[PDB]
Protein chains: 2
Amino acid sequence: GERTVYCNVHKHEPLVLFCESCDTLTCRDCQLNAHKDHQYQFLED
Amino acid sequence: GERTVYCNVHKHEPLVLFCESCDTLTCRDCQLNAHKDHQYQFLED
Ligand SMILES: [Zn+2]
Ligand SMILES: [Zn+2]
Ligand SMILES: [Zn+2]
Ligand SMILES: [Zn+2]
């Protein structure tokens with residue numbers, strides 16, 4: 001049962017996005033905070 | 001640093017792939033073994 005992969009920083013948040021500006025996997029909190037204004041896509045997208 | 005994310009199964013393997021069949025982040029070993037023949041793309045593409 002290792003379906004969900006979580007953020008290294010926000011431990012209970014699933015990594016569901018990829019920040020293109022940083023070539024970095026991100027969770028919702030990462031994308032709205034440290035990565036605000038960066039270009040991104042949800043992984044499924 | 002905390003940006004590179006490593007697989008929880010294959011400890012020294014980074015999650016660089018996304019298995020489209022399962023909508024799940026995978027590392028090289030995950031993709032070739034547990035996800036054999038599933039559709040995938042490297043995150044960077
Ligand atoms: Zn995060
Ligand atoms: Zn970013
Ligand atoms: Zn798969
Ligand atoms: Zn793996």
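In each ligand, atom 1 is the first atom listed, and ligand 1 is the first ligand listed. Chain naming here is simple, since letters A, B, ... match the order of the sequence lines and numbering starts at 1 in each.
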Please note down the angle at the Zn ion (ligand 3) between ND1 of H35(B) and ND1 of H38(B), to the nearest 10°.
-> 110°
Would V5(B) and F18(B) show up in the same hydrophobic cluster when neighbours are defined by side-chain heavy atoms closer than 4.5 Å?
-> yes
How wide is the angle at the Zn ion (ligand 4) between SG of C27(B) and SG of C30(B), to the nearest 10°?
-> 120°
Only one of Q31(A), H35(A), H10(A), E13(A) forms a side chain to side chain donor-acceptor pair (under 3.5 Å) with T26(A), so which one is it?
-> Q31(A)
Is there a side-chain contact between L25(B) and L43(A), using heavy atoms and a 4.5 Å cut-off?
-> yes
Which pair of non-hydrogen atoms, one from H12(A) and one from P14(A), has the smallest distance, and what is that distance?
-> O-CD, 3.7 Å
Atom name of the N, O or S atom in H10(B) that lies nearest to the Zn ion (ligand 4) = ND1
